[PDB]
$ cat run04.pdb   # PDB, C-alpha atoms and all ligand atoms
ATOM      1  CA  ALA T  31      15.893  11.113 -17.338
ATOM      2  CA  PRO T  32      14.093  10.764 -14.003
ATOM      3  CA  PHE T  33      14.995   7.795 -11.822
ATOM      4  CA  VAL T  34      11.708   6.085 -11.028
ATOM      5  CA  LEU T  35      11.858   3.556  -8.196
ATOM      6  CA  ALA T  36       8.895   1.295  -7.395
ATOM      7  CA  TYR T  37       8.790  -0.716  -4.185
ATOM      8  CA  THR T  38       6.969  -3.999  -4.669
ATOM      9  CA  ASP T  39       4.878  -5.109  -1.707
ATOM     10  CA  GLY T  40       5.754  -8.780  -1.895
ATOM     11  CA  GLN T  41       2.912  -9.652   0.478
ATOM     12  CA  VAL T  42       0.305  -8.811  -2.168
ATOM     13  CA  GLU T  43       0.085 -10.977  -5.269
ATOM     14  CA  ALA T  44      -0.717  -7.999  -7.502
ATOM     15  CA  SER T  45       2.825  -6.646  -7.038
ATOM     16  CA  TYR T  46       4.006  -9.243  -9.573
ATOM     17  CA  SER T  47       1.122  -8.975 -12.040
ATOM     18  CA  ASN T  48       1.426  -5.177 -11.903
ATOM     19  CA  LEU T  49       5.157  -5.326 -12.596
ATOM     20  CA  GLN T  50       4.449  -7.404 -15.706
ATOM     21  CA  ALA T  51       2.297  -4.533 -17.010
ATOM     22  CA  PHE T  52       4.020  -1.435 -15.647
ATOM     23  CA  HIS T  53       7.749  -2.259 -15.731
ATOM     24  CA  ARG T  54       8.544   0.221 -18.556
ATOM     25  CA  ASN T  55       7.704   3.066 -16.175
ATOM     26  CA  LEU T  56      10.554   2.039 -13.891
ATOM     27  CA  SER T  57      14.266   2.649 -13.540
ATOM     28  CA  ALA T  58      14.507   0.134 -10.693
ATOM     29  CA  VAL T  59      12.516  -2.085  -8.331
ATOM     30  CA  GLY T  60      12.902  -2.033  -4.555
ATOM     31  CA  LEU T  61      11.975  -5.459  -3.214
ATOM     32  CA  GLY T  62       9.700  -4.641  -0.314
ATOM     33  CA  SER T  63       8.211  -6.536   2.622
ATOM     34  CA  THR T  64      10.852  -9.227   2.285
ATOM     35  CA  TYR T  65      14.208  -8.441   3.916
ATOM     36  CA  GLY T  66      15.123  -7.307   7.402
ATOM     37  CA  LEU T  67      17.894  -7.107   9.977
ATOM     38  CA  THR T  68      17.448  -8.400  13.518
ATOM     39  CA  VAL T  69      18.577  -7.160  16.919
ATOM     40  CA  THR T  70      21.154  -9.972  16.795
ATOM     41  CA  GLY T  71      22.589  -8.603  13.537
ATOM     42  CA  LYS T  72      21.194 -11.303  11.240
ATOM     43  CA  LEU T  73      20.038 -10.536   7.709
ATOM     44  CA  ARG T  74      16.724 -12.328   7.105
ATOM     45  CA  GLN T  75      14.438 -12.786   4.122
ATOM     46  CA  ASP T  76      11.555 -14.239   6.052
ATOM     47  CA  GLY T  77       9.067 -12.337   3.897
ATOM     48  CA  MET T  78      10.312 -14.169   0.790
ATOM     49  CA  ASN T  79       7.606 -15.944  -1.192
ATOM     50  CA  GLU T  80       6.892 -17.004  -4.760
ATOM     51  CA  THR T  81       5.502 -13.559  -5.624
ATOM     52  CA  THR T  82       8.862 -11.957  -4.920
ATOM     53  CA  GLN T  83      10.821 -14.815  -6.521
ATOM     54  CA  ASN T  84       8.740 -14.157  -9.654
ATOM     55  CA  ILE T  85       9.363 -10.403  -9.440
ATOM     56  CA  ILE T  86      13.094 -11.074  -9.260
ATOM     57  CA  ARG T  87      13.056 -13.371 -12.291
ATOM     58  CA  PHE T  88      10.912 -10.973 -14.298
ATOM     59  CA  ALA T  89      13.018  -7.910 -13.496
ATOM     60  CA  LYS T  90      16.174  -9.795 -14.467
ATOM     61  CA  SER T  91      14.542 -10.808 -17.773
ATOM     62  CA  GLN T  92      13.937  -7.116 -18.519
ATOM     63  CA  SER T  93      17.374  -5.953 -17.305
ATOM     64  CA  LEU T  94      15.579  -3.930 -14.644
ATOM     65  CA  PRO T  95      17.804  -3.121 -11.616
ATOM     66  CA  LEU T  96      16.771  -4.722  -8.314
ATOM     67  CA  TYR T  97      17.341  -3.475  -4.768
ATOM     68  CA  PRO T  98      16.500  -5.577  -1.701
ATOM     69  CA  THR T  99      14.884  -3.158   0.729
ATOM     70  CA  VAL T 100      16.368  -4.142   4.074
ATOM     71  CA  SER T 101      14.472  -2.736   7.022
ATOM     72  CA  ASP T 102      14.430  -2.461  10.794
ATOM     73  CA  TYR T 103      10.932  -3.986  10.681
ATOM     74  CA  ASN T 104      10.582  -6.646  13.388
ATOM     75  CA  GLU T 105       8.554  -9.543  12.011
ATOM     76  CA  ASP T 106       7.869 -10.974  15.491
ATOM     77  CA  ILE T 107       5.761  -7.951  16.406
ATOM     78  CA  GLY T 108       4.851  -6.536  12.983
ATOM     79  CA  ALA T 109       6.428  -3.153  13.615
ATOM     80  CA  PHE T 110       9.507  -1.050  12.973
ATOM     81  CA  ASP T 111      11.709  -1.360  16.035
ATOM     82  CA  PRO T 112      14.397   1.045  17.337
ATOM     83  CA  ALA T 113      16.055  -1.876  19.174
ATOM     84  CA  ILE T 114      17.430  -3.163  15.872
ATOM     85  CA  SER T 115      19.467  -0.074  14.928
ATOM     86  CA  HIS T 116      20.354   0.539  18.569
ATOM     87  CA  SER T 117      21.932  -2.907  18.768
ATOM     88  CA  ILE T 118      23.653  -3.099  15.387
ATOM     89  CA  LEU T 119      25.013   0.453  15.201
ATOM     90  CA  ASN T 120      26.690   0.307  18.598
ATOM     91  CA  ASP T 121      28.388  -3.069  18.308
ATOM     92  CA  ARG T 122      31.536  -3.266  16.177
ATOM     93  CA  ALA T 123      31.069  -6.949  15.315
ATOM     94  CA  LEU T 124      27.358  -6.655  14.547
ATOM     95  CA  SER T 125      27.956  -3.615  12.346
ATOM     96  CA  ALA T 126      30.757  -5.284  10.383
ATOM     97  CA  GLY T 127      28.778  -8.517  10.039
ATOM     98  CA  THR T 128      25.736  -6.608   8.817
ATOM     99  CA  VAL T 129      27.763  -4.909   6.092
ATOM    100  CA  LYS T 130      29.242  -8.217   4.914
ATOM    101  CA  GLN T 131      25.826  -9.897   4.826
ATOM    102  CA  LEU T 132      24.409  -7.040   2.757
ATOM    103  CA  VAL T 133      27.274  -7.155   0.263
ATOM    104  CA  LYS T 134      26.929 -10.956   0.045
ATOM    105  CA  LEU T 135      23.202 -10.583  -0.664
ATOM    106  CA  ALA T 136      23.808  -8.031  -3.435
ATOM    107  CA  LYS T 137      26.573 -10.074  -5.065
ATOM    108  CA  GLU T 138      25.050 -13.543  -4.810
ATOM    109  CA  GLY T 139      21.558 -12.342  -5.727
ATOM    110  CA  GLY T 140      22.704 -10.453  -8.823
ATOM    111  CA  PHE T 141      21.132  -7.282  -7.447
ATOM    112  CA  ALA T 142      22.032  -3.704  -8.370
ATOM    113  CA  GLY T 143      22.577  -2.808  -4.732
ATOM    114  CA  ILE T 144      20.823  -2.431  -1.389
ATOM    115  CA  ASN T 145      18.070  -0.060  -0.281
ATOM    116  CA  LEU T 146      18.667   0.518   3.433
ATOM    117  CA  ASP T 147      15.369   1.173   5.215
ATOM    118  CA  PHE T 148      16.132   1.903   8.860
ATOM    119  CA  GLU T 149      13.160   3.962   9.988
ATOM    120  CA  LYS T 150      13.734   3.924  13.746
ATOM    121  CA  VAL T 151      17.233   5.318  14.175
ATOM    122  CA  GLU T 152      17.163   7.419  17.367
ATOM    123  CA  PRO T 153      18.909  10.770  17.939
ATOM    124  CA  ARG T 154      21.328   9.166  20.436
ATOM    125  CA  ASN T 155      22.651   7.072  17.538
ATOM    126  CA  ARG T 156      23.195   9.821  14.972
ATOM    127  CA  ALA T 157      26.985   9.545  14.778
ATOM    128  CA  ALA T 158      26.845   5.753  14.891
ATOM    129  CA  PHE T 159      24.371   5.724  11.979
ATOM    130  CA  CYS T 160      26.572   8.032   9.906
ATOM    131  CA  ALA T 161      29.523   5.743  10.533
ATOM    132  CA  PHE T 162      27.537   2.654   9.572
ATOM    133  CA  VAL T 163      26.081   4.130   6.388
ATOM    134  CA  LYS T 164      29.495   5.454   5.337
ATOM    135  CA  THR T 165      30.989   1.977   5.792
ATOM    136  CA  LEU T 166      28.070   0.298   4.001
ATOM    137  CA  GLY T 167      28.173   2.653   1.033
ATOM    138  CA  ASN T 168      31.918   2.197   0.677
ATOM    139  CA  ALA T 169      31.664  -1.592   0.862
ATOM    140  CA  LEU T 170      28.875  -1.791  -1.703
ATOM    141  CA  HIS T 171      30.676   0.584  -4.068
ATOM    142  CA  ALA T 172      33.858  -1.483  -3.687
ATOM    143  CA  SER T 173      31.842  -4.468  -4.963
ATOM    144  CA  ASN T 174      30.372  -2.490  -7.888
ATOM    145  CA  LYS T 175      26.979  -2.172  -6.184
ATOM    146  CA  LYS T 176      24.824   0.865  -5.345
ATOM    147  CA  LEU T 177      23.212   2.107  -2.139
ATOM    148  CA  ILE T 178      19.829   3.740  -1.739
ATOM    149  CA  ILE T 179      18.709   4.978   1.668
ATOM    150  CA  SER T 180      15.063   5.496   2.664
ATOM    151  CA  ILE T 181      14.620   8.475   4.962
ATOM    152  CA  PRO T 182      11.744   9.396   7.317
ATOM    153  CA  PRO T 183      11.457  13.035   6.282
ATOM    154  CA  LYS T 184      12.313  15.796   8.717
ATOM    155  CA  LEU T 185      11.466  19.505   8.532
ATOM    156  CA  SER T 186      14.884  21.030   9.184
ATOM    157  CA  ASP T 187      18.289  20.584  10.811
ATOM    158  CA  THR T 188      16.529  20.816  14.177
ATOM    159  CA  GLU T 189      12.894  19.730  13.675
ATOM    160  CA  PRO T 190      11.433  17.436  14.691
ATOM    161  CA  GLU T 191      13.840  16.483  17.468
ATOM    162  CA  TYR T 192      12.965  12.793  17.254
ATOM    163  CA  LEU T 193      14.377  12.546  13.717
ATOM    164  CA  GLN T 194      17.768  14.063  14.421
ATOM    165  CA  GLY T 195      19.413  10.649  14.229
ATOM    166  CA  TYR T 196      19.425  11.291  10.451
ATOM    167  CA  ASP T 197      22.245  13.538   9.213
ATOM    168  CA  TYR T 198      21.011  14.482   5.720
ATOM    169  CA  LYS T 199      24.353  15.884   4.585
ATOM    170  CA  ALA T 200      26.463  12.915   5.677
ATOM    171  CA  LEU T 201      23.934  10.290   4.597
ATOM    172  CA  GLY T 202      23.488  12.008   1.235
ATOM    173  CA  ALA T 203      27.234  11.905   0.602
ATOM    174  CA  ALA T 204      27.408   8.155   1.230
ATOM    175  CA  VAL T 205      24.576   7.021  -1.036
ATOM    176  CA  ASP T 206      23.631   6.909  -4.711
ATOM    177  CA  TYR T 207      20.006   7.824  -4.063
ATOM    178  CA  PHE T 208      18.387   9.521  -1.078
ATOM    179  CA  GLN T 209      14.763   8.368  -1.013
ATOM    180  CA  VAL T 210      12.519  10.689   0.953
ATOM    181  CA  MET T 211       9.494   8.854   2.383
ATOM    182  CA  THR T 212       6.969  11.599   1.704
ATOM    183  CA  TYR T 213       3.874   9.654   2.706
ATOM    184  CA  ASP T 214       1.926   8.978   5.913
ATOM    185  CA  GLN T 215       1.518  12.701   6.591
ATOM    186  CA  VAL T 216      -1.931  12.232   8.129
ATOM    187  CA  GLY T 217      -3.756   9.073   9.117
ATOM    188  CA  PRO T 218      -6.265   7.679  11.616
ATOM    189  CA  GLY T 219      -4.764   9.022  14.843
ATOM    190  CA  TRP T 220      -1.988  11.302  13.599
ATOM    191  CA  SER T 221      -1.152  14.471  11.694
ATOM    192  CA  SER T 222       2.524  15.285  11.146
ATOM    193  CA  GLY T 223       4.852  18.242  10.796
ATOM    194  CA  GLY T 224       2.559  21.042  11.938
ATOM    195  CA  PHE T 225       0.652  20.895   8.632
ATOM    196  CA  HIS T 226      -3.129  20.585   8.132
ATOM    197  CA  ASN T 227      -3.609  22.392  11.478
ATOM    198  CA  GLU T 228      -2.396  19.122  13.074
ATOM    199  CA  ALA T 229      -5.817  17.613  12.301
ATOM    200  CA  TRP T 230      -6.980  14.245  11.037
ATOM    201  CA  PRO T 231      -8.626  13.170   8.716
ATOM    202  CA  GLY T 232      -6.268  14.615   6.136
ATOM    203  CA  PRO T 233      -3.884  13.863   3.265
ATOM    204  CA  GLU T 234      -1.716  10.794   2.921
ATOM    205  CA  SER T 235       0.926  12.949   1.174
ATOM    206  CA  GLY T 236      -0.012  16.609   0.929
ATOM    207  CA  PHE T 237       1.481  18.907  -1.697
ATOM    208  CA  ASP T 238       2.462  21.665   0.736
ATOM    209  CA  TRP T 239       3.994  19.125   3.101
ATOM    210  CA  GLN T 240       5.958  17.413   0.290
ATOM    211  CA  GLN T 241       7.200  20.738  -0.999
ATOM    212  CA  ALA T 242       8.549  21.732   2.421
ATOM    213  CA  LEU T 243      10.191  18.374   3.084
ATOM    214  CA  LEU T 244      11.784  18.088  -0.360
ATOM    215  CA  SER T 245      12.924  21.719  -0.284
ATOM    216  CA  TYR T 246      14.738  20.926   2.928
ATOM    217  CA  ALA T 247      16.190  17.716   1.432
ATOM    218  CA  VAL T 248      17.770  19.472  -1.553
ATOM    219  CA  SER T 249      19.310  22.102   0.725
ATOM    220  CA  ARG T 250      21.444  19.330   2.304
ATOM    221  CA  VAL T 251      21.705  16.639  -0.399
ATOM    222  CA  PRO T 252      22.542  17.186  -4.086
ATOM    223  CA  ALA T 253      19.138  17.404  -5.767
ATOM    224  CA  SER T 254      20.109  14.834  -8.415
ATOM    225  CA  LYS T 255      20.311  12.196  -5.662
ATOM    226  CA  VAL T 256      16.985  13.060  -4.046
ATOM    227  CA  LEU T 257      13.868  11.020  -4.819
ATOM    228  CA  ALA T 258      10.378  12.217  -3.939
ATOM    229  CA  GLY T 259       7.897   9.676  -2.602
ATOM    230  CA  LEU T 260       4.319   8.840  -3.528
ATOM    231  CA  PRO T 261       1.819   6.473  -1.910
ATOM    232  CA  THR T 262      -0.501   4.240  -3.931
ATOM    233  CA  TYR T 263      -2.744   4.026  -0.888
ATOM    234  CA  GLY T 264      -5.058   6.255   1.115
ATOM    235  CA  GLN T 265      -7.103   6.112   4.294
ATOM    236  CA  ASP T 266     -10.705   5.109   4.833
ATOM    237  CA  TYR T 267     -11.552   6.863   8.078
ATOM    238  CA  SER T 268     -14.814   4.928   8.465
ATOM    239  CA  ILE T 269     -12.817   1.769   9.237
ATOM    240  CA  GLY T 270      -9.472   3.271  10.246
ATOM    241  CA  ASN T 271      -7.570   1.334   7.604
ATOM    242  CA  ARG T 272      -5.435   1.858   4.534
ATOM    243  CA  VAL T 273      -7.007   1.270   1.157
ATOM    244  CA  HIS T 274      -5.319   0.733  -2.190
ATOM    245  CA  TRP T 275      -5.355   3.051  -5.199
ATOM    246  CA  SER T 276      -7.073   0.317  -7.216
ATOM    247  CA  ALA T 277     -10.014   0.412  -4.772
ATOM    248  CA  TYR T 278     -10.561   4.184  -4.406
ATOM    249  CA  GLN T 279     -13.349   4.416  -6.979
ATOM    250  CA  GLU T 280     -14.977   1.216  -5.693
ATOM    251  CA  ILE T 281     -15.229   2.760  -2.229
ATOM    252  CA  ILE T 282     -16.566   5.996  -3.714
ATOM    253  CA  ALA T 283     -19.136   4.095  -5.812
ATOM    254  CA  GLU T 284     -20.263   1.899  -2.885
ATOM    255  CA  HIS T 285     -20.914   4.879  -0.651
ATOM    256  CA  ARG T 286     -22.198   7.185  -3.420
ATOM    257  CA  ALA T 287     -19.611   9.547  -1.985
ATOM    258  CA  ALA T 288     -19.272  13.240  -2.774
ATOM    259  CA  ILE T 289     -15.829  14.070  -4.139
ATOM    260  CA  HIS T 290     -14.093  17.172  -2.757
ATOM    261  CA  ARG T 291     -10.531  18.480  -2.745
ATOM    262  CA  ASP T 292      -8.264  20.291  -0.291
ATOM    263  CA  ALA T 293      -6.437  23.327  -1.662
ATOM    264  CA  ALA T 294      -3.278  23.437   0.469
ATOM    265  CA  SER T 295      -2.585  19.712   0.172
ATOM    266  CA  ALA T 296      -3.889  19.440  -3.433
ATOM    267  CA  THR T 297      -5.463  16.133  -2.326
ATOM    268  CA  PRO T 298      -8.949  14.787  -3.053
ATOM    269  CA  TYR T 299     -11.266  13.327  -0.457
ATOM    270  CA  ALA T 300     -14.714  11.784  -0.719
ATOM    271  CA  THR T 301     -17.416  12.021   1.943
ATOM    272  CA  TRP T 302     -20.662  10.178   2.650
ATOM    273  CA  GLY T 303     -21.785  12.089   5.715
ATOM    274  CA  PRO T 304     -20.795  14.976   7.978
ATOM    275  CA  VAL T 305     -17.135  14.780   9.065
ATOM    276  CA  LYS T 306     -15.671  15.830  12.417
ATOM    277  CA  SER T 307     -11.942  16.380  12.851
ATOM    278  CA  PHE T 308      -9.591  15.341  15.620
ATOM    279  CA  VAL T 309      -5.996  16.196  16.399
ATOM    280  CA  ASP T 310      -2.604  14.521  16.223
ATOM    281  CA  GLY T 311      -2.290  12.036  19.089
ATOM    282  CA  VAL T 312      -6.014  11.449  19.496
ATOM    283  CA  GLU T 313      -6.322   7.823  18.445
ATOM    284  CA  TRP T 314      -8.807   6.573  15.891
ATOM    285  CA  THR T 315     -11.546   4.500  17.502
ATOM    286  CA  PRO T 316     -14.814   3.082  16.148
ATOM    287  CA  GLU T 317     -16.607   5.849  18.070
ATOM    288  CA  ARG T 318     -14.458   8.427  16.277
ATOM    289  CA  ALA T 319     -14.913   6.910  12.788
ATOM    290  CA  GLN T 320     -15.659   9.419  10.016
ATOM    291  CA  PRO T 321     -17.430   8.883   6.668
ATOM    292  CA  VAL T 322     -14.531  10.008   4.491
ATOM    293  CA  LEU T 323     -11.847   8.576   2.238
ATOM    294  CA  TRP T 324      -8.678  10.609   1.695
ATOM    295  CA  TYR T 325      -7.082   9.421  -1.517
ATOM    296  CA  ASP T 326      -5.312  10.515  -4.738
ATOM    297  CA  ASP T 327      -6.313  10.761  -8.377
ATOM    298  CA  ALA T 328      -4.781  11.681 -11.711
ATOM    299  CA  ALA T 329      -4.893  15.390 -10.902
ATOM    300  CA  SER T 330      -3.258  15.081  -7.483
ATOM    301  CA  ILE T 331      -0.536  12.679  -8.638
ATOM    302  CA  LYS T 332       0.259  14.970 -11.584
ATOM    303  CA  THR T 333       0.434  18.054  -9.341
ATOM    304  CA  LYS T 334       2.618  16.374  -6.715
ATOM    305  CA  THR T 335       4.962  14.790  -9.267
ATOM    306  CA  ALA T 336       5.610  18.243 -10.756
ATOM    307  CA  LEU T 337       7.857  18.796  -7.723
ATOM    308  CA  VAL T 338      10.461  16.574  -9.407
ATOM    309  CA  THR T 339      10.907  19.176 -12.145
ATOM    310  CA  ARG T 340      10.367  22.191  -9.877
ATOM    311  CA  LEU T 341      13.072  21.184  -7.413
ATOM    312  CA  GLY T 342      15.373  19.464  -9.906
ATOM    313  CA  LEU T 343      15.071  16.111  -8.142
ATOM    314  CA  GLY T 344      16.738  12.944  -9.400
ATOM    315  CA  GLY T 345      13.362  11.246  -9.605
ATOM    316  CA  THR T 346      10.608   9.718  -7.551
ATOM    317  CA  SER T 347       9.643   6.576  -5.703
ATOM    318  CA  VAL T 348       6.421   4.689  -5.068
ATOM    319  CA  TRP T 349       5.140   2.637  -2.124
ATOM    320  CA  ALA T 350       3.859   0.255  -3.333
ATOM    321  CA  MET T 351       3.600  -1.534  -6.641
ATOM    322  CA  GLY T 352       0.766  -3.981  -6.101
ATOM    323  CA  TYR T 353      -1.811  -1.434  -4.871
ATOM    324  CA  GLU T 354      -2.231   0.517  -8.087
ATOM    325  CA  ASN T 355      -3.453   0.295 -11.691
ATOM    326  CA  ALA T 356      -2.537   1.688 -15.125
ATOM    327  CA  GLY T 357      -4.123   5.045 -14.316
ATOM    328  CA  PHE T 358      -1.627   5.666 -11.519
ATOM    329  CA  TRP T 359       1.366   5.307 -13.848
ATOM    330  CA  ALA T 360      -0.260   7.407 -16.578
ATOM    331  CA  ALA T 361      -0.808  10.172 -14.028
ATOM    332  CA  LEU T 362       2.765   9.919 -12.721
ATOM    333  CA  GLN T 363       4.203  10.181 -16.238
ATOM    334  CA  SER T 364       1.960  13.185 -16.932
ATOM    335  CA  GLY T 365       3.647  14.957 -14.021
ATOM    336  CA  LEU T 366       7.197  14.089 -15.094
ATOM    337  CA  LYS T 367       6.782  15.244 -18.684
TER     338      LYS T 367
HETATM  339 CL    CL T 401      29.158  13.239   9.857
HETATM  340 NI    NI T 402     -17.111   1.385   3.241
HETATM  341 NI    NI T 403     -14.301  22.926  -0.049
HETATM  342 NI    NI T 404      -5.313  -4.410  -3.465
END
$ encode --input "run04.pdb" --output "structure tokens"
Amino acid sequence: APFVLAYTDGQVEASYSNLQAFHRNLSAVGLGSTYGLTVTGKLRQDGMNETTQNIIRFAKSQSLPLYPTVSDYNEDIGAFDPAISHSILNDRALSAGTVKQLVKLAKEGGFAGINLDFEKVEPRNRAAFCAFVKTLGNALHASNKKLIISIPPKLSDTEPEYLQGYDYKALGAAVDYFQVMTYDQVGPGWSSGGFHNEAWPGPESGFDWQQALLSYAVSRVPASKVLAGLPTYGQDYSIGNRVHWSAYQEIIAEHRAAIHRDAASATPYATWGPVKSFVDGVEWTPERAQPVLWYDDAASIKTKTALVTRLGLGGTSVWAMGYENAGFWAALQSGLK
């Protein structure tokens, strides 16, 4: 049976109300936008609020496994920060203290384990990250807890260079699940991995891109540990901002948009005027705004989720519960069947 992991965005109230409705779809909940580690090696839960407290209580009531998702997101600046991993990984005391805090959290909180979400590990810290994750996985396992790691997806053992701080083989060996963050392929200002002719606007999570990234993942990590990733958000290029799955058809209806679809990415988009394209590294600006929403629908979610079966993956993962509706989960299940 596929392992289906939903990350709740604790900063949106709908994460809790959605869980109440959609919990049966899930194998586990990753508690998102809540927990982080600091440059000083402190575990924080400064994102904690009543929404997430309610999610925790509800999941426990349903015997649904919970994983705090502990990130290198710096709340002072609202961004993922390489300074956090650079500090913790290279200091013996900070590394050890981080591990103990994480085990304490999992034990005292009655959680199934920890989802490590360090997104800004640099290539200079590759060996140090392997050492840390090995220690963390061992410590959690010794306390009868599990470890999931979230991974910014790379193309190969060598590409891109900036992601070579992540040793897929070693990290895969240390964890229970290897969650591949197959989203944010293209957005206002960027286009990743050499796909989509390095143009934006484009897909949040293209099929061709996912297939390449997941094919690489299973070549280094046992496929049964690998989780695909799906976004429940898209990009409105007229305003340069993310929009939620629940709002896609509202945006389309407001603009009387014309629905279209891209073959290579198997991703729908809706336009309400002529669209010009830019390239990776050319920033979105109001002057460069385009009348197009790149989104997903039942057909695209079904097609993308078929990769779980095709590649023999252990399951899939969703960022985030709180942005979606019943139709998203119906489409996901239709692709797992
Ligand atoms: Cl290694
Ligand atoms: Ni609009
Ligand atoms: Ni066309
Ligand atoms: Ni919303």
$ resolve_selection --input "run04.pdb" --expression "the PyMOL selection byres (((chain T and resi 226) around 12) and not hetatm)" --output "short mmCIF file (atom, residue, chain, number, x, y, z; two decimals) with C-alpha atoms, in the coordinates of the input"
data_model
loop_
_atom_site.label_atom_id
_atom_site.label_comp_id
_atom_site.auth_asym_id
_atom_site.auth_seq_id
_atom_site.Cartn_x
_atom_site.Cartn_y
_atom_site.Cartn_z
CA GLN T 215 1.52 12.70 6.59
CA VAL T 216 -1.93 12.23 8.13
CA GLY T 217 -3.76 9.07 9.12
CA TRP T 220 -1.99 11.30 13.60
CA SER T 221 -1.15 14.47 11.69
CA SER T 222 2.52 15.28 11.15
CA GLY T 223 4.85 18.24 10.80
CA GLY T 224 2.56 21.04 11.94
CA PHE T 225 0.65 20.90 8.63
CA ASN T 227 -3.61 22.39 11.48
CA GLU T 228 -2.40 19.12 13.07
CA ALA T 229 -5.82 17.61 12.30
CA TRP T 230 -6.98 14.24 11.04
CA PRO T 231 -8.63 13.17 8.72
CA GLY T 232 -6.27 14.62 6.14
CA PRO T 233 -3.88 13.86 3.26
CA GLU T 234 -1.72 10.79 2.92
CA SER T 235 0.93 12.95 1.17
CA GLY T 236 -0.01 16.61 0.93
CA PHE T 237 1.48 18.91 -1.70
CA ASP T 238 2.46 21.66 0.74
CA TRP T 239 3.99 19.12 3.10
CA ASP T 292 -8.26 20.29 -0.29
CA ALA T 293 -6.44 23.33 -1.66
CA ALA T 294 -3.28 23.44 0.47
CA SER T 295 -2.58 19.71 0.17
CA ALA T 296 -3.89 19.44 -3.43
CA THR T 297 -5.46 16.13 -2.33
CA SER T 307 -11.94 16.38 12.85
CA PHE T 308 -9.59 15.34 15.62
CA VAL T 309 -6.00 16.20 16.40
CA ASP T 310 -2.60 14.52 16.22
#
$ closest_residue --input "run04.pdb" --among "T:253, T:287, T:323, T:205" --to "residue T:268" --atoms "only C-alpha atoms"
T:323
$ closest_atom_pairs --input "run04.pdb" --of "stretch 67-166 of chain T" --to "stretch 170-192 of chain T" --cutoff "7 Å" --atoms "all atoms listed in the file" --output "CSV"
residue,atom,partner,partner_atom,distance
T:133,CA,T:170,CA,5.9
T:142,CA,T:175,CA,5.6
T:143,CA,T:176,CA,4.3
T:144,CA,T:177,CA,5.2
T:145,CA,T:178,CA,4.4
T:146,CA,T:179,CA,4.8
T:147,CA,T:180,CA,5.0
T:149,CA,T:182,CA,6.2
T:152,CA,T:192,CA,6.8
T:153,CA,T:192,CA,6.3
T:166,CA,T:170,CA,6.1
$ residues_near_point --input "run04.pdb" --point "(16.4, 13.2, -1.0)" --cutoff "10 Å" --atoms "only C-alpha atoms" --output "tab-separated table (two decimals) with C-alpha atoms, keeping the file's coordinate frame"
chain	number	residue	atom	x	y	z
T	179	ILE	CA	18.71	4.98	1.67
T	180	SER	CA	15.06	5.50	2.66
T	181	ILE	CA	14.62	8.48	4.96
T	183	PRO	CA	11.46	13.04	6.28
T	198	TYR	CA	21.01	14.48	5.72
T	201	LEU	CA	23.93	10.29	4.60
T	202	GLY	CA	23.49	12.01	1.24
T	207	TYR	CA	20.01	7.82	-4.06
T	208	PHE	CA	18.39	9.52	-1.08
T	209	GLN	CA	14.76	8.37	-1.01
T	210	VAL	CA	12.52	10.69	0.95
T	211	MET	CA	9.49	8.85	2.38
T	212	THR	CA	6.97	11.60	1.70
T	243	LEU	CA	10.19	18.37	3.08
T	244	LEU	CA	11.78	18.09	-0.36
T	245	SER	CA	12.92	21.72	-0.28
T	246	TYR	CA	14.74	20.93	2.93
T	247	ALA	CA	16.19	17.72	1.43
T	248	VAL	CA	17.77	19.47	-1.55
T	249	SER	CA	19.31	22.10	0.72
T	250	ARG	CA	21.44	19.33	2.30
T	251	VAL	CA	21.70	16.64	-0.40
T	252	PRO	CA	22.54	17.19	-4.09
T	253	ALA	CA	19.14	17.40	-5.77
T	254	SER	CA	20.11	14.83	-8.41
T	255	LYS	CA	20.31	12.20	-5.66
T	256	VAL	CA	16.98	13.06	-4.05
T	257	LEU	CA	13.87	11.02	-4.82
T	258	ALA	CA	10.38	12.22	-3.94
T	259	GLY	CA	7.90	9.68	-2.60
T	343	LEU	CA	15.07	16.11	-8.14
T	344	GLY	CA	16.74	12.94	-9.40
T	345	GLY	CA	13.36	11.25	-9.60
T	346	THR	CA	10.61	9.72	-7.55
$ resolve_selection --input "run04.pdb" --expression "the PyMOL selection byres (((chain T and resi 131) around 12) and not hetatm)" --output "mmCIF file with C-alpha atoms, in the coordinates of the input"
data_model
loop_
_atom_site.group_PDB
_atom_site.id
_atom_site.type_symbol
_atom_site.label_atom_id
_atom_site.label_comp_id
_atom_site.auth_asym_id
_atom_site.auth_seq_id
_atom_site.Cartn_x
_atom_site.Cartn_y
_atom_site.Cartn_z
ATOM 1 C CA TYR T 65 14.208 -8.441 3.916
ATOM 2 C CA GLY T 66 15.123 -7.307 7.402
ATOM 3 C CA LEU T 67 17.894 -7.107 9.977
ATOM 4 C CA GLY T 71 22.589 -8.603 13.537
ATOM 5 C CA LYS T 72 21.194 -11.303 11.240
ATOM 6 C CA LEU T 73 20.038 -10.536 7.709
ATOM 7 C CA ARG T 74 16.724 -12.328 7.105
ATOM 8 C CA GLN T 75 14.438 -12.786 4.122
ATOM 9 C CA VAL T 100 16.368 -4.142 4.074
ATOM 10 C CA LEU T 124 27.358 -6.655 14.547
ATOM 11 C CA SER T 125 27.956 -3.615 12.346
ATOM 12 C CA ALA T 126 30.757 -5.284 10.383
ATOM 13 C CA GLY T 127 28.778 -8.517 10.039
ATOM 14 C CA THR T 128 25.736 -6.608 8.817
ATOM 15 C CA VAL T 129 27.763 -4.909 6.092
ATOM 16 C CA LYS T 130 29.242 -8.217 4.914
ATOM 17 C CA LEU T 132 24.409 -7.040 2.757
ATOM 18 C CA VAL T 133 27.274 -7.155 0.263
ATOM 19 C CA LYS T 134 26.929 -10.956 0.045
ATOM 20 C CA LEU T 135 23.202 -10.583 -0.664
ATOM 21 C CA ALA T 136 23.808 -8.031 -3.435
ATOM 22 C CA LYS T 137 26.573 -10.074 -5.065
ATOM 23 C CA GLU T 138 25.050 -13.543 -4.810
ATOM 24 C CA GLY T 139 21.558 -12.342 -5.727
ATOM 25 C CA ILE T 144 20.823 -2.431 -1.389
ATOM 26 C CA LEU T 166 28.070 0.298 4.001
ATOM 27 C CA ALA T 169 31.664 -1.592 0.862
ATOM 28 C CA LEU T 170 28.875 -1.791 -1.703
#
